[PDB]
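Chains as they are written, first to last, in full-length UniProt numbering: chain A, 45 to 99; chain B, 45 to 99; chain C, 45 to 99; chain D, 45 to 99; chain E, 45 to 99; chain F, 45 to 99; chain G, 45 to 99; chain H, 45 to 99; chain I, 45 to 99; chain J, 45 to 99.
The beta-carbon is built from N, C-alpha and C at its ideal position, and this holds for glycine as well.
What follows is a short report on a single structure.
There are 10 protein chains.
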Amino acid sequence: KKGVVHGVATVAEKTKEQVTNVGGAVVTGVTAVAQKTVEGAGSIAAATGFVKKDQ
Amino acid sequence: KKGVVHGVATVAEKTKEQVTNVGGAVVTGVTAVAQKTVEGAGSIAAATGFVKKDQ
Amino acid sequence: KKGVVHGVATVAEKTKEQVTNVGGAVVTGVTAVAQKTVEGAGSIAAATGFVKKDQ
Amino acid sequence: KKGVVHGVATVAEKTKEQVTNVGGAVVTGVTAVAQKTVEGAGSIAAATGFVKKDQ
Amino acid sequence: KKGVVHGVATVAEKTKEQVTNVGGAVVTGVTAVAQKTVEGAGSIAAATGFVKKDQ
Amino acid sequence: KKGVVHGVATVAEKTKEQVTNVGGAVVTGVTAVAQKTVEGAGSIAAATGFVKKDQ
Amino acid sequence: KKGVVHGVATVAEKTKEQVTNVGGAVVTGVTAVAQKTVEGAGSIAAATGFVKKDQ
Amino acid sequence: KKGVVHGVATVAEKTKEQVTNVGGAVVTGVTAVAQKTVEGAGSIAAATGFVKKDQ
Amino acid sequence: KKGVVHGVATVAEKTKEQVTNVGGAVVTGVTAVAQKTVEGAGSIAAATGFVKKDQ
Amino acid sequence: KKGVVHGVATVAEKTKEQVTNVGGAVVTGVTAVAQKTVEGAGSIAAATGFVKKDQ
Ligand SMILES: Cc1ccc2c(c1)sc(-c1ccc(N(C)C)cc1)[n+]2C
Ligand SMILES: Cc1ccc2c(c1)sc(-c1ccc(N(C)C)cc1)[n+]2C
Ligand SMILES: Cc1ccc2c(c1)sc(-c1ccc(N(C)C)cc1)[n+]2C
Ligand SMILES: Cc1ccc2c(c1)sc(-c1ccc(N(C)C)cc1)[n+]2C
Ligand SMILES: Cc1ccc2c(c1)sc(-c1ccc(N(C)C)cc1)[n+]2C
Ligand SMILES: Cc1ccc2c(c1)sc(-c1ccc(N(C)C)cc1)[n+]2C
Ligand SMILES: Cc1ccc2c(c1)sc(-c1ccc(N(C)C)cc1)[n+]2C
Ligand SMILES: Cc1ccc2c(c1)sc(-c1ccc(N(C)C)cc1)[n+]2C
Ligand SMILES: Cc1ccc2c(c1)sc(-c1ccc(N(C)C)cc1)[n+]2C
Ligand SMILES: Cc1ccc2c(c1)sc(-c1ccc(N(C)C)cc1)[n+]2C
Ligand SMILES: Cc1ccc2c(c1)sc(-c1ccc(N(C)C)cc1)[n+]2C
Ligand SMILES: Cc1ccc2c(c1)sc(-c1ccc(N(C)C)cc1)[n+]2C
């Protein structure tokens with residue numbers, strides 16, 4: 045076989061899960077957050093996949 | 045076989061999971077956060093995958 | 045076979061898990077955080093994969 | 045076979061797990077944090093994979 | 045076979061686990077932290093893979 | 045002060061939370077269940093407070 | 045002071061939390077369950093407070 | 045002071061938490077379960093407080 | 045002071061935590077279980093407080 | 045002072061923690077279990093407080 049990509053690719057066979065991202069956010073997984081009190085200014089309480097590039 | 049990529053690629057066969065990211069965040073995995081009190085200014089309480097590049 | 049990459053690639057066969065990242069965050073694994081009280085200003089309480097490049 | 049990379053590559057066969065990172069954070073492994081009280085200003089309580097390059 | 049890399053590569057065959065990092069953090073291993081009280085300003089309580097290059 | 049109870053009592057002052065139960069079930073706390081597939085005959089998947097006295 | 049109980053009592057002062065149970069179940073605490081697949085016949089997957097007295 | 049109990053009592057002053065149980069189950073504490081696959085017939089996967097008296 | 049109990053009592057002053065149990069299960073503490081695969085028939089995977097009196 | 049008990053009592057003053065049990069299970073302490081694969085029929089993987097009296 046032959047393949048040429050510029051990116052971003054994701055090429056496969058017999059594949060149970062696939063995610064391609066440029067951005068941005070993708071949530072595909074099981075996630076449970078239980079929480080009782082959030083205070084403070086300002087605290088990232090429960091972050092799973094996170095990116096902060098403030099300018 | 046033959047392959048030429050510029051990146052970012054992810055090329056495979058018979059593959060159960062795949063993630064390609066440029067960014068950005070991707071959450072595909074099981075995650076449980078149980079939490080009772082968050083205070084303080086400002087404290088990253090529970091971070092799993094995290095990136096902070098403030099300017 | 046033949047392959048030429050610029051990066052970042054991830055090339056394989058018969059492969060159960062794959063992650064490619066430029067960024068950024070990717071969470072694909074099982075993670076359990078149980079927590080009772082977070083205080084202080086400001087304390088990284090429970091960080092699993094973490095990157096802080098403040099300028 | 046033949047291969048030329050610029051990096052960062054990860055090239056393989058018959059491979060159970062793969063991670064490629066430039067960044068950034070990737071969490072793919074089992075992780076359990078149980079915690080009862082976090083105080084102080086500011087103390088990295090429980091860090092698994094961590095990078096701090098404040099300027 | 046023939047291979048020329050610029051780095052950082054990781055080239056292999058028949059390989060159970062692979063990690064390539066430039067950064068940054070990668071957590072792929074089993075990790076259990078149980079903890080009861082963290083105080084002080086500021087004490088790295090339980091660090092597994094850690095890098096601090098504050099300027 | 046003086047108090048005589050037969051039970052079940054719960055007597056207090058300055059008290060943030062109170063539960064009295066004879067039965068029966070009482071749910072007053074924060075609870076998050078995230079779930080993707082339940083099979084089998086018959087499996088208690090995620091039980092928090094549970095009592096089974098089949099005769 | 046004077047007190048006579050038959051049980052079950054719970055007598056106090058200045059008390060943040062109180063639970064009295066005869067039964068039965070009481071859930072007052074923070075709880076997070078994240079789960080991806082449950083199979084088998086029949087397996088108690090994730091039990092927190094549990095009592096099984098089948099006859 | 046004077047006190048006579050038959051049981052089960054729980055008598056106190058200045059007390060942050062109290063639980064009285066006859067039964068039965070009481071869950072008042074922080075609890076996080078993250079889980080990816082449960083199989084087998086039949087396996088107690090993750091049990092925190094547990095009692096099995098089958099007859 | 046004077047006290048006569050039949051049991052089970054728990055009598056105190058200035059006391060941060062109290063548990064009285066006859067049964068039965070009580071979970072009041074911080075608990076984190078992270079888990080990736082449970083198999084076998086039948087294996088107690090992760091048990092914290094456990095009692096099995098099958099007849 | 046004077047005290048007469050039948051048992052099981054737990055009598056005290058100025059006491060930070062108290063547990064009384066007849067049973068049964070009580071979990072009040074910090075506990076972290078991280079786990080990747082459990083197999084076999086049937087193996088107690090990670091047991092903290094455990095009692096097995098099968099008949
Ligand atoms: C500000 C900012 C942030 C990210 C960023 C850029 C600018 S430009 C860029 C990029 C995306 C894709 C590619 N190829 C497919 C070769 C090369 C570079 N990124 C990832
Ligand atoms: C501000 C901003 C943020 C992201 C960003 C850009 C600008 S421009 C860009 C990009 C998208 C796709 C591609 N290819 C398909 C080669 C190359 C670069 N990104 C991902
Ligand atoms: C500000 C910023 C941050 C990140 C960043 C850039 C600029 S530009 C860049 C990059 C992305 C992809 C590639 N190749 C596919 C060769 C080469 C470089 N990154 C990762
Ligand atoms: C949104 C937001 C706001 C503030 C903020 C963050 C996110 S994250 C962070 C911080 C992280 C680590 C540290 N040390 C390891 C000393 C100190 C401060 N702050 C201060
Ligand atoms: C779209 C597409 C399809 C296939 C494909 C690509 C892109 S890129 C690639 C490849 C790249 C490098 C290598 N080696 C360095 C051995 C081997 C294969 N394939 C096989
Ligand atoms: C500010 C900043 C931070 C990171 C950074 C850059 C700039 S530029 C860069 C880079 C990305 C990909 C490649 N190749 C694929 C050869 C070479 C360099 N990184 C990783
Ligand atoms: C089948 C069954 C189950 C529970 C059960 C009974 C019968 S009878 C009983 C009981 C309740 C309250 C009291 N007092 C206030 C002294 C004494 C006993 N329980 C708790
Ligand atoms: C089948 C069954 C199960 C539990 C059970 C009984 C019967 S009877 C009983 C009981 C309840 C309260 C008291 N006092 C207040 C002295 C004494 C005994 N329990 C706890
Ligand atoms: C079948 C079964 C199981 C438990 C059980 C009984 C019967 S009867 C009993 C009991 C409860 C409370 C008291 N006092 C307050 C003196 C004495 C005994 N338990 C704990
Ligand atoms: C609801 C339910 C059904 C079956 C069941 C349980 C719960 S719990 C259990 C069991 C527990 C331990 C053991 N060994 C330590 C050998 C063997 C079997 N089974 C078989
Ligand atoms: C309803 C009620 C109110 C008060 C009360 C009881 C019941 S029971 C009790 C007590 C029992 C035993 C003891 N000692 C063995 C020293 C001391 C005090 N008080 C003080
Ligand atoms: C089958 C079974 C199992 C446990 C069990 C009994 C029967 S009877 C009993 C008991 C409970 C409380 C007391 N006192 C307060 C003196 C004395 C005995 N237990 C603990």
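Limits of the unbroken beta strand (DSSP E) element including residue i
i: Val52 (chain I); result: Run containing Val52 (chain I): none; DSSP gives neither H nor E here.
i: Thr75 (chain B); result: 75–78
i: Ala69 (chain A); result: 69–71
i: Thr92 (chain A); result: 90–93
Any non-hydrogen atom of ligand 11 closer than 6 Å to residue i Cβ
i: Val49 (chain H); result: yes
i: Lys58 (chain J); result: no
i: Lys45 (chain F); result: no
i: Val52 (chain H); result: no
i: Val74 (chain B); result: no
i: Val77 (chain I); result: no
i: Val63 (chain H); result: no
i: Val82 (chain J); result: no
i: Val55 (chain G); result: yes
Within-7 Å CB hit, residue i to chain K
i: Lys45 (chain A); result: No chain K is part of this structure, whose protein chains are labelled A, B, C, D, E, F, G, H, I and J.
Any non-hydrogen atom of ligand 3 closer than 6 Å to residue i Cβ
i: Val66 (chain C); result: yes
Near ligand 10: residue i beta-carbon under 6 Å from a heavy atom
i: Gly86 (chain J); result: yes
Beta-carbon proximity list for residue i, same chain, < 7 Å, skipping 5 on both sides
i: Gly73 (chain G); result: none
i: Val77 (chain F); result: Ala90
i: residue 122 (chain G); result: The displayed coordinates of chain G run from 45 to 99. Any statement about residue 122 (chain G) would go beyond what the structure contains.
i: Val52 (chain J); result: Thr64, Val66
Sequence-distant residues of the same chain with beta carbon closer than 8 Å to residue i, five excluded per side
i: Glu57 (chain H); result: none
i: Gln62 (chain D); result: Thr54, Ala56
i: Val49 (chain G); result: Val55
i: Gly93 (chain H); result: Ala69, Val71
i: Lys60 (chain H); result: none
Cut-off 6 Å between Cβ atoms - residues of its own chain near residue i, not counting five sequence neighbours on either side
i: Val71 (chain J); result: none
query: Touch check for the stretch 52–71 of chain C and the stretch 61–69 of chain B: three-plus C-beta pairs under 8 Å?
result: Cβ pair count under 8 Å is three or more, so yes.
Contact set between the stretch 74–89 of chain D and chain J, restricted to residues whose Cβ is under 9 Å from the partner: The residues in question are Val74, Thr75, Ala76, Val77, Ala78, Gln79, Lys80.
message: Does the structure place the stretch 80–93 of chain A close enough to the stretch 82–99 of chain F that three or more beta carbon pairs sit under 8 Å?
response: Taking a cut-off of 8 Å on C-beta distances, the stretch 82–99 of chain F does not touch the stretch 80–93 of chain A, as fewer than three cross pairs fall below it.
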